[PDB]
Each structure stands twice: as structure tokens, then as C-alpha cells.
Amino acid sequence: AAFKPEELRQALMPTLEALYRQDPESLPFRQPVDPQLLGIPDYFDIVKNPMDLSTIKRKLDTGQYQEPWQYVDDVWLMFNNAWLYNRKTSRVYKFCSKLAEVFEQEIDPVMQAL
């Protein structure tokens, strides 16, 4: 099937907005990780393929996804990176887990519909 950018944005943007609405939990995910600002220069030794909400938002806004599993893949990549890098008891790991819980709840019915 061919998916138009407007269809994807209408269907998928509410699921992205649901992540942004989580406060405080979305705060570490709203911009690309900046290891120098954050004082964690080993970050890219661990995380090879960075992703964050702003990047995903821009891709949706500008029609860069052809089909919805591409969007799902980027959201999951963002979560997977944070679970890999951050320690289990850390704030940012737990914030990731909250976003992932919200995302699965939102995305399941949307993908069923398309």
C-alpha cells in the first residue's frame, strides 16, 4: 500500500504527542543527546545510531516516512538506545520505560486502523 504523508501525520502524530505530553518523562528525549553538555563522552561508544523525539517529529512533519512501521522503528530505536546506555535504576532509564508503555498503548490501535 502507498501511504500519503498527510495520512501518516493524522494517524501517527497523536501517538508522538502522547510521548511529548509525558512530563517529566519525555524531557531527556526532546532533543538529540549532547554528550558534551551532559558530561558523558562515552555515549556514542555505546549508542551507534542515535534517535530522539525532535528527529522523529521533523520526519513526520515533512513526510519522510513512507509507511508506518518506519515511524515505529525510529521510536523503538530511541527507547532501545536509552535502555542500553542508562543504568536500570536511573531516572532516564525509568523515564524511557514510561514512554515505551505509553507508546505501546497508543500505537497498537492506530496501526490496526493504519
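We number the residues from 1 along the sequence you see.
Could you settle it for me: does 83-91 or 42-50 have the higher average Cα B factor in the PDB entry? Averaged over C-alpha atoms, the B-factors run higher in 42-50.
Averaged over C-alpha atoms, is the B-factor higher for 99-107 or for 10-18 in this PDB entry? Comparing averages over the C-alpha atoms only gives 10-18.
Sort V75, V33, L60, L27 by C-alpha B-factor from the entry and give me just the highest. The record points to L60.
Consider only the C-alpha atoms of the modelled residues in this chain, order them by B-factor as the entry records it, and name the third containing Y71: lowest, middle or highest. Tercile = lowest for this residue's CA B-factor.
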